[PDB]
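*Asks:* The structure under discussion is supplied below as structure tokens; questions concerning it will follow.
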Amino acid sequence: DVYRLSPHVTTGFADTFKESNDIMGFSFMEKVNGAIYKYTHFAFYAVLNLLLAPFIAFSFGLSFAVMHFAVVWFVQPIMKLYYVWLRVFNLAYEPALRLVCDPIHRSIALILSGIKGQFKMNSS
Amino acid sequence: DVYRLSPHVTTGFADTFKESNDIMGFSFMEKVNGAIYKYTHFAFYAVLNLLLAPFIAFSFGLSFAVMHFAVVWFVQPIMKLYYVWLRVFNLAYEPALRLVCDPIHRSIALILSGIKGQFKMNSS
Amino acid sequence: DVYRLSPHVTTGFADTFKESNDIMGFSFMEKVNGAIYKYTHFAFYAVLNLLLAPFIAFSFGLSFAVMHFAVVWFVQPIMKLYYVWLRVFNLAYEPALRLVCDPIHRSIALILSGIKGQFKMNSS
Amino acid sequence: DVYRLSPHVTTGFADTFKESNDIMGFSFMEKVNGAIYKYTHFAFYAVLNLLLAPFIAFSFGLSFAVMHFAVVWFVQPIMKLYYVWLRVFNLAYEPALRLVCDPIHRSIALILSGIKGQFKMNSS
Amino acid sequence: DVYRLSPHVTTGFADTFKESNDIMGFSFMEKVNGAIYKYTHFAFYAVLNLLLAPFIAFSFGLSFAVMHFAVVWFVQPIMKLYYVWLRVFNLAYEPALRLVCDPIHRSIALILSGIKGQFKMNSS
Amino acid sequence: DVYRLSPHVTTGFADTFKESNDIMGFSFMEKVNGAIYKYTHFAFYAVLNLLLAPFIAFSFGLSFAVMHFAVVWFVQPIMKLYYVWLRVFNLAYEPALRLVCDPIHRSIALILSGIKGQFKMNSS
Amino acid sequence: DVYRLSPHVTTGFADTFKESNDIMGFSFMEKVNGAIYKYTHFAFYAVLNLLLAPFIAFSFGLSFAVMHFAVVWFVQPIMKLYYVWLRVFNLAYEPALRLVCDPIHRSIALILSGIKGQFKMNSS
Amino acid sequence: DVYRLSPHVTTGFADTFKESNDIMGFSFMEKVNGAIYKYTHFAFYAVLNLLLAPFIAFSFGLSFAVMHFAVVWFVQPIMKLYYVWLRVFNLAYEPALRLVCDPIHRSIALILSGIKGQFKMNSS
Amino acid sequence: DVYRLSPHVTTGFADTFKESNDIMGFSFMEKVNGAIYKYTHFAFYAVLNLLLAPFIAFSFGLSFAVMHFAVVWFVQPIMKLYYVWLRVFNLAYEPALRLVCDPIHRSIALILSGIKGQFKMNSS
Amino acid sequence: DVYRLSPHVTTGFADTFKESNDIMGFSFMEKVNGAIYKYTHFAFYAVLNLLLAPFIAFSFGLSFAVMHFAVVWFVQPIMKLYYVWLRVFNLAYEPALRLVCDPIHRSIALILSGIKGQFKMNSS
Amino acid sequence: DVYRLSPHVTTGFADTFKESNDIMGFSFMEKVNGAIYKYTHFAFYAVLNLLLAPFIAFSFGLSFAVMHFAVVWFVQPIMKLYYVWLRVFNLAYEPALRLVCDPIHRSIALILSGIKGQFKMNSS
């Protein structure tokens with residue numbers, strides 16, 4: 001699928017404040033920092049979602065409805081008529097080109113008709 | 001098939017307002033937002049379809065009827081006559097070109113007639 | 001076959017007014033729209049076919065008869081005489097070219113006569 | 001065979017007035033149109049064949065007789081003498097060219113005499 | 001994943017003050033040096049972490065909350081509309097280009113339709 | 001064989017006045033036309049052969065006798081002496097060229113001595 | 001690992017004062033020379049290590065502590081924000097480029113769709 | 001063998017006055033023509049051979065005797081001395097060139113040391 | 001290993017005063033010459049080794065001690081800090097380049113997605 | 001072997017006065033001509049060999065003795081000293097070049113580390 | 001081995017005065033000529049070897065002793081110090097180059113990630 005949104009960027013605590021085996025502090029502070037980060041993030045995202053989510057959903061639902069009706073019932077039939085004319089053109093175009101092109105490429109194919117070889121193998 | 005309409009763009013709620021394991025709000029708001037979006041979309045598309053669909057179908061059915069009659073009963077026989085003349089031309093064109101081209105390419109094919117080699121293999 | 005007419009453009013109702021899982025109206029309107037489209041198309045194509053088909057068939061049958069007689073009984077024997085002369089020319093042309101060309105390409109073939117190699121493989 | 005006439009162009013009724021599953025008229029008219037086309041074609045070709053075929057056959061038989069006698073009994077022996085002289089020239093031409101060419105191409109063949117490699121494979 | 005932080009740089013004592021079999025001092029000094037290095041590193045990192053970690057976590061949690069809300073609920077729907085228009089353009093663009101391009105590349109494909117060869121193998 | 005005459009051009013009745021399944025006349029006229037063509041061809045070729053064949057055969061037999069005696073007993077020994085001198089020249093030419101050429105091409109062969117790879121396969 | 005220190009230079013006695021089977025002195029002098037070299041090297045390296053090692057270890061431990069704190073807690077979050085913006089740009093960039101590029105490369109792929117060949121093998 | 005005379009040109013009756021299945025005269029004339037040709041050729045070649053063969057054989061035997069003595073006992077030892085000097089030159093030439101060339105080509109060989117791949121297969 | 005001394009030059013008596021099967025003197029002189037050469041070589045190398053070896057060993061042991069201390073305890077930590085900065089730069093550099101480069105190369109990969117072929121084999 | 005004399009030129013009676021199946025004289029004359037040729041050749045070569053062979057052998061034996069002594073006992077030791085100096089130069093030359101060259105070619109090797117493919121096969 | 005003397009030039013009697021099956025003299029003279037050649041060669045080489053061999057052996061033994069002492073005990077340690085500095089330079093050089101080069105070559109590797117194909121085989 002070409003029109004699929006690519007995956008998000010990992011942002012978890014251990015994926016953004018990342019340490020190796022050589023880097024350490026006190027053990028108990030890790031949980032405190034992680035809890036602070038996670039709860040701040042959640043508490044600030046949730047209120048915005050609750051306050052502003054419905055209106056955007058309504059607006060974009062209505063907009064997509066109109067867009068999809070237009071596409072399905074005015075664009076596709078026109079494209080089909082266009083395709084009819086394209087086929088009519090191809091009927092005249094393709095054979096005429098093949099006439100002049102095919103003999104040359106059939107002739108050039110004779111370069112690969114003389115292969116011969118000998119081989120010997122060993123193993124242990 | 002060349003003249004086939006390509007697949008649509010995914011637009012479902014979870015495919016347009018997409019989140020990862022790091023992004024969350026309150027659980028119950030998800031269903032509310034999804035229901036609002038889906039029902040708005042359906043209720044706005046259905047009325048337009050009901051009101052305006054039949055006339056477009058009638059018009060394009062009539063148009064396609066005329067187009068297809070023209071194509072089937074005036075274009076294809078003409079193309080067949082054209083093809084007859086094309087074959088007549090090929091009869092004279094192809095052998096004359098092959099005469100001058102084939103000897104050269106048969107001669108050049110001799111470059112691949114001297115392959116020899118030796119090999120040894122091991123495994124464990 | 002070079003002179004074969006390419007396949008038609010799909011034009012069925014579900015192949016021109018095409019929808020996905022995300023796009024829906026009322027269920028019953030689909031059958032109404034499909035019936036309107038199909039019956040309009042058929043009723044408009046059938047009358048034209050009935051009224052105008054025979055004359056075109058007669059005319060093109062007569063035309064093709066004349067064309068094919070001309071091709072079979074005046075063009076092909078002439079092409080055969082032409083081919084006789086072409087063979088006579090080739091008898092003199094091909095050996096003379098091969099004389100000067102073959103030694104060079106036989107000599108160049110010696111580039112591929114010194115292949116050697118060693119290998120070892122593993123698997124699990 | 002180089003001097004063989006290429007196959008004809010398909011011209012049958014269903015191969016020139018061609019329809020798909022989407023294109024239809026009344027059922028009975030198809031047989032009427034096909035019969036009209038086929039019988040017109042046959043009735044117009046047969047009379048011309050009967051009236052004019054024998055004279056063309058006689059003329060071209062006589063012409064081909066003369067042509068083939070000329071080719072068999074005056075051209076081929078001359079070509080054979082020409083070939084004798086060609087062989088005499090090759091005797092002097094080929095070894096002299098091979099003298100100067102072969103050492104270089106034998107030397108260049110040493111580029112492919114140092115292949116070595118290692119591999120490992122897995123499967124499941 | 002494109003947006004993943006690359007692994008750290010190894011900095012352990014034996015990985016930064018590295019010696020070979022040819023380089024040696026007294027045995028007991030190795031432990032003294034290693035202990036000094038490790039404990040200095042830990043004692044200086046831990047205090048900074050304890051003193052300054054929470055505020056940075058809070059700030060970046062709040063910042064990421066705002067950023068992610070913006071991305072999820074204002075950018076993606078706009079991109080989806082953009083994709084709708086892109087599909088509409090492709091419907092007209094692709095077949096027209098394929099019409100003129102495909103015959104040429106189908107014709108050029110005939111260069112690989114004349115392969116022949118002979119081989120002989122030996123083993124021991 | 002380089003000096004072999006290439007095969008004739010097919011000229012039989014059904015190979016020069018050729019028809020397909022779509023092209024037909026009355027059945028009985030086919031045999032009449034074929035008989036006329038074949039018998040005219042044979043009756044015109046046979047008399048010419050009978051009247052003029054022996055003299056050409058005698059003349060070309062005598063001519064070829066003289067030509068072959070000249071070739072066998074004056075050209076080939078001279079070519080053998082020429083070959084002796086050619087070998088004498090090669091003795092001095094080839095080693096001197098190989099001296100300067102071989103080291104370079106042995107050196108360039110080292111480009112293919114570092115191949116390594118890993119693979120994994122699946123099947124069902 | 002990109003940031004790993006490469007292996008040392010071999011410096012052992014037999015690896016720096018190296019002889020072959022053709023080069024020999026008295027047997028007993030080899031041990032004397034080896035002992036002198038090894039003990040001088042060890043006695044001069046050990047005192048320097050003992051005298052100067054601890055201070056360098058302390059200094060670099062403190063320095064690395066500060067550096068790693070800076071990297072972990074000020075650089076990585078900024079890079080993550082940068083990555084968010086990069087993803088937003090890619091959403092608009094990639095599909096638009098693929099629209100114009102893919103048809104051409106799909107068309108060019110038709111060059112490899114006409115392969116045919118025949119082979120014969122022998123063994124002993 | 002480089003100095004071997006290439007095969008003669010076929011000149012038999014059926015190989016120079018050649019006909020196909022489409023070309024025929026009276027049956028009995030074929031044997032008459034063949035006998036005339038063959039006996040004329042033989043009767044004219046045999047007398048010349050008998051009259052003039054011995055003197056040419058004597059002359060060329062004497063000439064080849066002198067030529068071969070010269071080659072065997074004056075040219076080959078001189079070529080051997082020349083070869084001695086050539087070897088002396090190679091001793092100095094080859095190692096010096098390999099010194100400057102080999103490192104570069106060993107270095108360039110590293111381009112083929114990073115191959116990896118995955119595959120899947122199906123059959124029926 | 002890059003910093004390993006390459007093998008010596010063979011200098012044994014039979015490897016420097018080398019003869020073939022065609023070159024011979026009296027048998028007993030070979031042993032005399034070999035003994036003279038070998039004993040002169042050994043007697044002249046041994047005294048120099050005994051007289052001058054220890055001082056060079058002492059000097060180079062001391063020198064290498066100082067060099068290795070400098071390398072291990074002043075260069076490597078600095079290189080590690082440099083590597084830290086290099087990683088910090090890469091974090092910003094690599095994703096930005098991949099953004100603009102990957103779509104193009106993914107698109108160009110479509111040239112190899114249309115392979116088809118047919119084959120036939122024989123053996124005996 | 002580079003300094004080996006290439007094989008002689010075939011000069012036997014049937015290999016220099018060569019005939020095919022189409023060329024014949026009286027049977028008995030063949031033996032007469034062959035005997036004359038062979039005996040003349042032998043009788044003229046043998047006397048020259050007997051009269052002049054010993055002196056050339058003596059002269060060239062003496063000459064080769066002097067040449068080979070010079071080569072074995074004055075050229076080869078000098079070449080060995082030259083080789084010693086060459087090795088000394090290589091010790092300094094090769095690592096320095098590899099330093100600057102290897103990283104680039106290791107980097108360029110990454111072009112072949114992304115191979116993937118799918119296949120399907122059929123047989124009968 | 002690079003510094004190995006290449007094999008001698010064959011000089012035996014039958015390898016320098018070489019004849020084929022077509023070239024012959026009296027049988028008994030062959031042994032006389034061979035004996036003369038061989039004994040002259042041996043008798044002239046042996047006296048020179050006996051008279052002049054020892055002094056050259058002594059001189060070159062002494063010379064090689066001095067040369068090898070110099071190489072082993074003054075050149076190799078210096079080269080080792082040089083190698084230490086070379087490694088120090090590489091530590092800084094290689095990662096910096098890999099930083100800018102690797103992303104580009106990883107990106108270009110995506111050209112080989114789209115292979116697909118179909119095949120059919122036959123045998124008899």
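Residues in the structure tokens are named by chain (A, B, ... in the order shown) and by number from 1 within that chain; ligands are numbered from 1 in the order shown.
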Applying 7 Å and only C-alpha atoms, which residues near segment 98-113 of chain E remain after dropping the ones on its own chain fewer than 4 positions away? List them as a VMD selection string.

*Replies:* (chain A and resid 90 94 98 101 to 102 105 to 106 108 to 109) or (chain E and resid 94) or (chain G and resid 107 to 108 110 to 117)

*Asks:* Print the selection's residues with N, CA, C and O atoms to a file, as a tab-separated table (two decimals), in the first residue's frame.

*Replies:*
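Final output, result_35.tsv:
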```tsv
chain	number	residue	atom	x	y	z
A	90	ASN	N	-4.00	2.61	-28.91
A	90	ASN	CA	-3.01	1.53	-28.87
A	90	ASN	C	-3.19	0.56	-30.03
A	90	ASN	O	-2.20	0.07	-30.58
A	94	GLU	N	0.64	0.07	-31.52
A	94	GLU	CA	1.59	-0.98	-31.15
A	94	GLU	C	2.05	-1.82	-32.34
A	94	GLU	O	3.28	-1.99	-32.51
A	98	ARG	N	6.02	-2.50	-33.60
A	98	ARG	CA	6.60	-3.84	-33.56
A	98	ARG	C	7.10	-4.27	-34.93
A	98	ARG	O	8.12	-4.98	-35.02
A	101	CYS	N	10.56	-2.81	-35.24
A	101	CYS	CA	11.52	-3.11	-34.18
A	101	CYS	C	11.87	-4.60	-34.08
A	101	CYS	O	13.04	-4.94	-33.88
A	102	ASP	N	10.89	-5.50	-34.22
A	102	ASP	CA	11.15	-6.90	-33.90
A	102	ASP	C	12.25	-7.54	-34.74
A	102	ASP	O	13.10	-8.24	-34.16
A	105	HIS	N	15.79	-6.89	-33.26
A	105	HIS	CA	16.09	-7.50	-31.97
A	105	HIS	C	16.11	-9.02	-32.07
A	105	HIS	O	16.83	-9.68	-31.30
A	106	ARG	N	15.34	-9.61	-32.98
A	106	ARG	CA	15.48	-11.03	-33.25
A	106	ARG	C	16.85	-11.33	-33.84
A	106	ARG	O	17.48	-12.34	-33.51
A	108	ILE	N	19.64	-9.55	-33.39
A	108	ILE	CA	20.69	-9.34	-32.39
A	108	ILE	C	20.72	-10.49	-31.40
A	108	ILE	O	21.74	-10.72	-30.73
A	109	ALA	N	19.62	-11.24	-31.28
A	109	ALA	CA	19.58	-12.34	-30.32
A	109	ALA	C	20.53	-13.47	-30.70
A	109	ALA	O	20.78	-14.35	-29.86
E	94	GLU	N	-0.65	7.17	-15.05
E	94	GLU	CA	0.09	5.92	-15.29
E	94	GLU	C	-0.27	5.25	-16.62
E	94	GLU	O	0.65	4.92	-17.39
G	107	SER	N	7.84	-0.17	-16.06
G	107	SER	CA	7.89	-0.35	-17.50
G	107	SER	C	9.23	-0.92	-17.94
G	107	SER	O	9.29	-1.83	-18.77
G	108	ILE	N	10.33	-0.39	-17.39
G	108	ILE	CA	11.66	-0.84	-17.80
G	108	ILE	C	11.89	-2.29	-17.38
G	108	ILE	O	12.75	-2.98	-17.95
G	110	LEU	N	10.27	-4.78	-18.04
G	110	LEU	CA	9.83	-5.71	-19.06
G	110	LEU	C	10.96	-6.20	-19.96
G	110	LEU	O	10.70	-7.02	-20.85
G	111	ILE	N	12.19	-5.74	-19.75
G	111	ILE	CA	13.29	-6.15	-20.61
G	111	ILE	C	13.72	-7.58	-20.30
G	111	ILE	O	14.33	-8.25	-21.14
G	112	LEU	N	13.41	-8.08	-19.10
G	112	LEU	CA	13.87	-9.38	-18.65
G	112	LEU	C	12.77	-10.44	-18.68
G	112	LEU	O	12.86	-11.43	-17.94
G	113	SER	N	11.75	-10.27	-19.51
G	113	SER	CA	10.60	-11.16	-19.54
G	113	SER	C	10.53	-11.99	-20.82
G	113	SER	O	9.44	-12.43	-21.21
G	114	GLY	N	11.67	-12.23	-21.48
G	114	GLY	CA	11.68	-12.99	-22.71
G	114	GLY	C	12.82	-13.98	-22.82
G	114	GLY	O	13.31	-14.24	-23.92
G	115	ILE	N	13.23	-14.56	-21.70
G	115	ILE	CA	14.39	-15.45	-21.68
G	115	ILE	C	13.97	-16.84	-22.13
G	115	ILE	O	12.96	-17.38	-21.67
G	116	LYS	N	14.75	-17.43	-23.04
G	116	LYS	CA	14.57	-18.81	-23.44
G	116	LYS	C	15.94	-19.38	-23.80
G	116	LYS	O	16.85	-18.65	-24.19
G	117	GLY	N	16.08	-20.70	-23.66
G	117	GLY	CA	17.34	-21.34	-23.96
G	117	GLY	C	17.22	-22.84	-24.01
G	117	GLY	O	16.24	-23.43	-23.53
```

*Asks:* If we count only C-alpha atoms, what is near residue 69 of chain E at a cut-off of 8 Å, once residues fewer than 4 positions away on the same chain are taken out, given as an NGL selection string?

*Replies:* (:A and (45 or 48-49)) or (:E and (65 or 73))

*Asks:* List the neighbours of residue 6 of chain A out to 12 Å using only C-alpha atoms; skip same-chain residues closer than 3 positions along the sequence, and give me the result as a list in words.

*Replies:*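 That gives residues 1, 2, 3 and 9 of chain A; 15, 16, 18, 19 and 20 of chain B; 1, 2, 3, 76 and 79 of chain E; 84, 86, 87, 88, 89, 90, 91, 92, 94 and 95 of chain G.
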
*Asks:* So how far away is atom CA of residue 32 of chain F from atom CA of residue 60 of chain D, in Å?

*Replies:*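 One can read the atom CA of residue 60 of chain D to atom CA of residue 32 of chain F distance as 15.0 Å.
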
*Asks:* Can you work out the spacing between atom CA of residue 64 of chain C and atom CA of residue 70 of chain B in Å, to one decimal?

*Replies:*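 Going from atom CA of residue 64 of chain C over to atom CA of residue 70 of chain B, I get 19.9 Å.
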
*Asks:* Could you tell me how far atom CA of residue 120 of chain H sits from atom CA of residue 119 of chain I, in Å to one decimal place?

*Replies:* 20.7 Å

*Asks:* May I have all residues of chain F that DSSP, computed from the backbone, assigns to alpha helix (DSSP H), given as JSON, numbers by chain?

*Replies:* {"F": [13, 14, 15, 16, 27, 28, 29, 30, 31, 32, 33, 34, 35, 36, 37, 38, 39, 40, 41, 42, 43, 44, 45, 46, 47, 48, 49, 50, 51, 52, 53, 54, 55, 56, 57, 58, 59, 60, 61, 62, 63, 64, 65, 66, 67, 68, 69, 70, 76, 77, 78, 79, 80, 81, 82, 83, 84, 85, 86, 87, 88, 89, 90, 91, 92, 93, 94, 95, 96, 97, 98, 99, 100, 101, 102, 103, 104, 105, 106, 107, 108]}

*Asks:* Can you tell me, as a list in words, what residues are no more than 12 Å from residue 58 of chain A when counting only C-alpha atoms, ignoring any on the same chain fewer than 6 positions away?

*Replies:*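 Residues near the query, excluding close chain neighbours: residues 52, 64 and 65 of chain A; 13, 32, 33, 34, 35, 36, 37, 38, 39, 40, 41, 42, 43 and 44 of chain B.
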